Amino acid sequence: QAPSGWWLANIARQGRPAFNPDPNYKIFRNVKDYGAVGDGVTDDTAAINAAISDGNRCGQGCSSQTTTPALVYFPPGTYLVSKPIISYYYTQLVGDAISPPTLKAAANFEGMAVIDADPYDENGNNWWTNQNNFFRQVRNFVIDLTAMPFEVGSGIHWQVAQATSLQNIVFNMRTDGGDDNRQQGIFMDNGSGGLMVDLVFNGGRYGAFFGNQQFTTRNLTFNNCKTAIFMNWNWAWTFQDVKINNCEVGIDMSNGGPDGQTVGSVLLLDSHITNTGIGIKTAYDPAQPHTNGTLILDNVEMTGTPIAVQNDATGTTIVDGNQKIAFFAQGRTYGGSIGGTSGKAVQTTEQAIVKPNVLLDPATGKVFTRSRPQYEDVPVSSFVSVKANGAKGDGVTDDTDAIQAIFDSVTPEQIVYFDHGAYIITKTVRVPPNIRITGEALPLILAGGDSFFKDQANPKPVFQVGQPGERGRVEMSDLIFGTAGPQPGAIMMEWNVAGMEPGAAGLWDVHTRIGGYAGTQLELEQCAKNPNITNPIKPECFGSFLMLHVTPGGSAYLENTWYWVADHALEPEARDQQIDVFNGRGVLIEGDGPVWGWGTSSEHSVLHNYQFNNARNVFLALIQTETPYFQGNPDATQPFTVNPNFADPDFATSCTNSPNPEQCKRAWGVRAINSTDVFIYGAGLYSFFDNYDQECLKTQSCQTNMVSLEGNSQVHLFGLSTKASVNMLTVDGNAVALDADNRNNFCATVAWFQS
Ligand SMILES: *[C@@H]1O[C@H](CO)[C@@H](O[C@@H]2O[C@H](CO)[C@@H](O)[C@H](O)[C@H]2NC(C)=O)[C@H](O)[C@H]1NC(C)=O
Ligand SMILES: *[C@@H]1O[C@H](CO)[C@@H](O[C@@H]2O[C@H](CO)[C@@H](O)[C@H](O)[C@H]2NC(C)=O)[C@H](O)[C@H]1NC(C)=O
Ligand SMILES: *[C@@H]1O[C@H](CO)[C@@H](O)[C@H](O)[C@H]1NC(C)=O
Ligand SMILES: *[C@@H]1O[C@H](CO)[C@@H](O)[C@H](O)[C@H]1NC(C)=O
Ligand SMILES: [Cl-]
Ligand code: NA
């Protein structure tokens, strides 16, 4: 096939990792420049693998690395492969977006999967610790297993962590062989996700075999699979806009049986299970001692599917199909008339969860969604390269004025293109309310300087997105925001603009990465942990003030956005060793929004990871947090002073008279103050340490409190999982749901909180 003309294939390549010492390292690789023929006849395995591995990248024996990113581009074509495509650390596998190429497994293909994102060596050790396998894309492919015997074949071994995505992939598999068919689209053994969007699975035994701590996956279609989704294990998982068609089983979540369920919780929203034998197989019964197997259905059609939910241990139909299920919950519920203050285990349909119209797509009535833009129809001439227009991206030069001048002059038909590099910002950059910005494989935008962002008593925005009250169209994608040295006055992104329409203002694959990597000066040398002393709280190890602030009137659509304060060092010489980085606050949302967050995560801030203050119209699915591992050395009262301008939590006051005082002063996973119409569909809010000691896990008591609802906040929580917090949820100062009353297979889990 002809080249597609997609801008990405032809845009001038001027990028380079600023902190890789090799001036000739090449981030972009077109597989055909490595000898791939793309005709489906010549075996292209070696050429594709060489395009990935070229340049001394992070493969076997390399724990992790941020200075060897790669964007591996596959022009339109068919690529015959006979062994796995090994995706090295920090790789974007980018098929052509206009005409997604086919990865065609040879009949004699051998190996784990057509694409392997985390190989096992001969001794059974992964190349990368699964929970550290960050910063990846696979997008725009057809993966064809149909030449392989039905007894073998997996499309992608997707064993990954945060800031990863699968997008726009079709998996074509055989339908013959009965019980001996073993083909599957995704094979996922474990990990810590992550996002998937816009996938189609045709045939096979399983569309996907899934096992992971937590994941958000939406707009998935399954056609003629035996079981569409085999959920092997999880803590939580949120599915939205899933279409299952003519399968034997939709979601199998009964692994382990009624006395050993390995699936923690599943949420299924805005979905359709059509012409399928059994919609969902579960082993849950409300008399069981634990919360394993929790399930939420919200707005799910069951057309032509006579058994919507089946208890496959007893064989009993729990919910009849051939009707829409407005809402179903099984697991423990609190609040309202059903659960009350003590909580109650239930397995029942119930009344619809009504969401405000501002959060919905008016065309479908589903919660609004929009995938990461790839600008397929935009000509290369419309892209304005920052390096072509005066920004150096060298990680030292002050690029503030050059970037500001680009932002001030770019027209709405153009797109600002951040060539890969590291762009030092030394004072506030004002982003206008009409702009589109996209990056070459996660360029770094770093708050730097020696004064402007240094004062936590007088914090300042790094990127100020619109001015207060403005409406417009602002899109950013494929970028990382961070600090160069400590910048405890930096508000990394202040989001003032509101979209003209849903999805017109947002962030896709845009991450805030505070410390831990080359260029930050916040690495193992400077910030190594020392739990054996009282922490000095080194000034050289502070991070930012606040990673994201949606101010009153701001409205944003966030999808695949990781707000991460480093718990460990990311370059290979450090061997994943742990560090202390002191970052005040994660994500703060105020005002009437709306705000959507799909597949967001906020981890290791001191005061809170997510906070809603005087907020309305917030939809998050699913969310994930961690407390910083150094707490309580120091505890959450240090080193950021309480600032009422950000409604900061005041732990010295709030923990007064705590019955569990030793571990009370710890970062909030989620805090809501005077906020309503907030909807959280799935949450994994974890506390794994106390001053790097994990003894507290044995009694699920690393911290005292995890979610705080204050000022009669109406926060509608579904599939809330928390790890090792005595109290999962506290309302107006009273502990409501205790971990001990809601034990799952690892976390504790509340299916449904009625506010
Ligand atoms: C769900 O994802 C699928 C897969 O990307 C989308 O289907 C593609 O839609 C585009 C735009 O119409 C077409 O050009 C492609 O041919 C489609 N691909 C396939 C495999 O069908 C689909 O649009 C998405 N649906 C929603 C509601 O977002
Ligand atoms: C929920 O998960 C827990 C943890 O896996 C299950 O408890 C385990 O059950 C297995 C039997 O399959 C035992 O071998 C383990 O010793 C148990 N561990 C603990 C910590 O109790 C529990 O049975 C599951 N509950 C339900 C209702 O499925
Ligand atoms: C803290 O003490 C332990 C002994 O339990 C030791 O192994 C570790 O190296 C010490 N840490 C530092 C930073 O010295
Ligand atoms: C609490 O939220 C309401 C909106 O329901 C708002 O009118 C009120 O001003 C808020 N209270 C404070 C103290 O800001
Ligand atoms: Cl993404
Ligand atoms: Na302008």
Side-chain angles (χ1 to χ4, degrees), residues 4 6 76 95-102 138-144 165-172 185 195-202 207 217-223 239-245 269-272 356 361 363-374 376-377 384 403-414 416 429-437 466-467 470 472-474 497 502-503 508 551-553 557 559 589-593 598 612-618 644-647 672-678 709-715 755:
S4 67
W6 185 29
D96 192 83
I98 295 176
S99 302
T102 296
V138 182
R139 47 172 158 142
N140 313 314
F141 292 100
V142 180
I143 302 179
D144 185 348
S165 58
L166 298 181
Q167 173 172 356
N168 190 28
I169 307 173
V170 176
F171 303 81
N172 289 323
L195 181 71
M196 306 178 190
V197 305
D198 302 344
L199 309 185
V200 181
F201 303 82
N202 297 304
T217 62
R218 60 166 200 74
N219 180 31
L220 315 179
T221 300
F222 300 83
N223 298 308
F239 291 103
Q240 189 262 356
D241 190 23
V242 172
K243 281 76 58 161
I244 292 167
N245 300 306
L269 287 55
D270 297 333
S271 292
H272 321 264
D361 190 326
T364 67
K366 302 177 170 180
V367 182
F368 178 83
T369 56
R370 178 179 181 196
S371 303
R372 175 257 168 86
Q374 302 191 83
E376 288 91 334
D377 296 321
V384 179
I403 288 165
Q404 187 66 73
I406 293 160
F407 287 0
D408 286 351
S409 58
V410 64
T411 68
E413 99 274 356
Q414 293 174 319
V416 181
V429 170
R430 299 166 295 274
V431 185
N434 293 286
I435 195 168
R436 293 174 295 169
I437 308 174
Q467 297 304 314
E470 295 191 319
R473 308 178 182 269
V474 174
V497 74
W508 292 265
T551 66
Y557 183 95
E559 180 158 296
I589 295 162
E590 304 188 280
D592 290 344
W598 294 94
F612 325 122
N613 182 56
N614 301 320
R616 299 171 36 94
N617 310 307
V618 178
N645 290 326
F646 301 86
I673 314 109
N674 189 43
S675 296
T676 64
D677 276 320
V678 176
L709 304 188
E710 301 171 25
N712 189 40
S713 286
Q714 296 171 350
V715 178
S755 67

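Below, all heavy atoms of this structure are taken into account, side chains as well, without hydrogens, waters or symmetry copies. Numbering starts at 1 and runs along the sequence shown. Note that ligands are numbered from 1 as they come in the structure, with each ligand's atoms numbered from 1 the same way.
Side-chain contact between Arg430 and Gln467: present, with at least one pair of heavy atoms (C-beta onward) separated by less than 4.5 Å. The closest side-chain heavy-atom distance from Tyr557 to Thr369 is below 4.5 Å. Contact of the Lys243 side chain with the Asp241 side chain is registered, since non-hydrogen atoms from C-beta on lie closer than 4.5 Å.
Here CG of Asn219 is found 13.5 Å from CE of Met196. Values are rounded to the nearest 0.5 Å. The CG atom of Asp198 sits 11.5 Å away from atom OG1 of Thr217, with the distance rounded to the nearest 0.5 Å. In this structure, CD1 on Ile435 lies 5.0 Å from CZ on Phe407, to the nearest 0.5 angstrom.
Between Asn202 and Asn223, the side chains place a donor N or O and an acceptor N or O closer than 3.5 Å (distance only, hydrogens not considered). If you check the side chains of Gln374 and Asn168, you find no donor sitting under 3.5 Å from an acceptor. Side-chain atoms of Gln240 and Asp270 include a donor-acceptor pair closer than 3.5 Å.
Atom 17 (C) of ligand 1 lies below 4.0 Å from none of the non-hydrogen atoms of the protein. At a distance under 4.0 Å, a protein heavy atom can be found next to atom 2 (O) of ligand 1. Of the protein's heavy atoms, none falls inside 4.0 Å of atom 7 (O) of ligand 1. Protein heavy atoms are found inside the 4.0 Å sphere centred on atom 10 (C) of ligand 4. Within 4.0 Å of atom 14 (O) of ligand 1, not a single protein heavy atom is present. The presence of a protein heavy atom under 4.0 Å from atom 4 (C) of ligand 4 is ruled out.
Near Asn674, meaning under 4.0 Å from one of its heavy atoms, ligand 4 places the atoms 1 (C), 2 (O), 3 (C), 8 (C), 10 (C), 11 (N), 12 (C). Here is the list of ligand 1 atoms found below 4.0 Å of a heavy atom in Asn168: 4 (C), 5 (O).
Look at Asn614 and you'll find a heavy atom under 4.0 Å from some atom of ligand 4.
Across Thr221, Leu220, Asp241, heavy-atom proximity to atom 27 (C) of ligand 1 is greatest for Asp241. Summarising the contacts of atom 20 (C) of ligand 1 with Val170, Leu199, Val142, the nearest heavy atom is found in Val170.
When the N, O or S atoms of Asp408 are ranked by distance to the Na ion (ligand 6), O comes first.
The parts of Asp198 lying near ligand 1 are both backbone and side chain, judged by heavy-atom distances below 4.0 Å.
Taking only nitrogen or oxygen atoms, main chain and side chain alike, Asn219 reaches within less than 3.5 Å of ligand 1.
Among protein heavy atoms, atom 21 (O) of ligand 1 sits closest to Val200 CG2, 4.7 Å.
The two atoms that bring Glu559 and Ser371 nearest to each other are OE2-CA, 3.7 Å, heavy atoms only.
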